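Report on one structure; see the data block that follows.
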Amino acid sequence: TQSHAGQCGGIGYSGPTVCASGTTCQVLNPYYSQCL
């Protein structure tokens, strides 16, 4: 999360909508490509 960064993000993402350390880039909800 803090050291190892969480967010890649997707459909209109950039601001820190931050779920934890994904490392790869999948999805929770369609726009937010993150957090497995």
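Identifiers in this document derive from the order of the structure tokens: chains are assigned A, B, ..., residues are numbered from 1 separately in each chain, and ligands are numbered from 1 in order of occurrence.
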
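Taking only C-alpha atoms, the non-local environment of region 7-16 of chain A within 7 Å (same-chain residues fewer than 5 positions away omitted) comprises residues 25, 31, 32, 33 and 34 of chain A.
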
Between CA of residue 6 (chain A) and CA of residue 20 (chain A), measure the distance and give it in Å to one decimal. 5.0 Å

Could you give me, as a ChimeraX atom specification, the residues within 10 Å of region 2-5 of chain A, counting only C-alpha atoms and dropping anything in the same chain fewer than 3 positions from it? /A:8,18-23
